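A quick write-up on the structure given underneath.
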Amino acid sequence: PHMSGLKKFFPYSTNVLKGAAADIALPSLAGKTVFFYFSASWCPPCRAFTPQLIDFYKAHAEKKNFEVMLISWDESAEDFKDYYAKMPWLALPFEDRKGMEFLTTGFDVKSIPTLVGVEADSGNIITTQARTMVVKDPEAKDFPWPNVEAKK
């Protein structure tokens, strides 16, 4: 039980953030779906999608057993702090900029907001197009939406 699969996403961080605390370690995510949320406070559609994702999180995070982790494209530590403060979920520490770069290129993230779903235990990927489905399927009927990419 080393969470080997999930660890593959974090070459430069051990623990991640949960509010003011930065002692959250990967095993705490065992058995869950984890969403990487690529976002920034300078991005208008991000600023509007964030409250939508929070509504979805309030409704389904417990019953559908998932967690969200911010991967920030913010310009400064100050901007990161103010923006992440509005969020109830986890964050990759802002100081790990190279880790943010690793994930951004790994998933071919070219614009934000983007929401990518992964399985914590196996480390497998479900979809990179979860943003679309938070909006289209607010009741989470088809969650966690594998292969949204199949769509025309």
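The opening residue of the sequence shown carries number 157 in our numbering; numbering runs sequentially from there. For every residue, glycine included, the Cβ atom is placed at its ideal position computed from N, Cα and C.
Is the beta carbon of residue j closer than 8 angstroms to that of residue i?
i: residue 189; j: residue 273; result: yes
i: residue 286; j: residue 166; result: no
i: residue 202; j: residue 282; result: no
Nearest to residue i by CA position, among the options, is which residue?
i: residue 208; options: 301, 277, 294 and 302; result: 294
i: residue 171; options: 301, 260, 247 and 304; result: 247
i: residue 231; options: 176, 255, 263 and 196; result: 196
i: residue 227; options: 303, 157 and 243; result: 243
i: residue 218; options: 292, 262 and 185; result: 185
Counting only the same chain and skipping the five closest in sequence on each side, list residues whose C-beta sits under 7 angstroms from that of residue i.
i: residue 204; result: none
i: residue 265; result: 194
i: residue 255; result: 166, 167, 168, 169 and 248
Excluding five sequence neighbours on each side, which residues of the same chain lie with their C-beta closer than 6 angstroms to the C-beta of residue i?
i: residue 279; result: 161, 162 and 164
i: residue 236; result: 228, 230 and 250
i: residue 284; result: 263 and 272
Give every residue of the same chain whose Cβ lies closer than 8 angstroms to the Cβ of residue i, excluding the five residues on either side of it in the sequence, and list them in chain order.
i: residue 221; result: 187, 188 and 189
Kindly say whether residue i, judged by its beta-carbon, lies nearer than 8 angstroms to any beta-carbon of chain C.
i: residue 297; result: Within the model displayed, chain C is absent; a lone protein chain is all it includes.
Whole alpha helix (DSSP H) runs in the segment 167-225 with 4 or more residues, listed along the chain? The DSSP assignment places complete alpha helix (DSSP H) segments of no fewer than 4 residues inside the segment 167-225 at 200-216, in order along the chain.
Runs of alpha helix (DSSP H) wholly within the segment 221-265 (minimum 4 residues, chain order): 233-240 and 253-262
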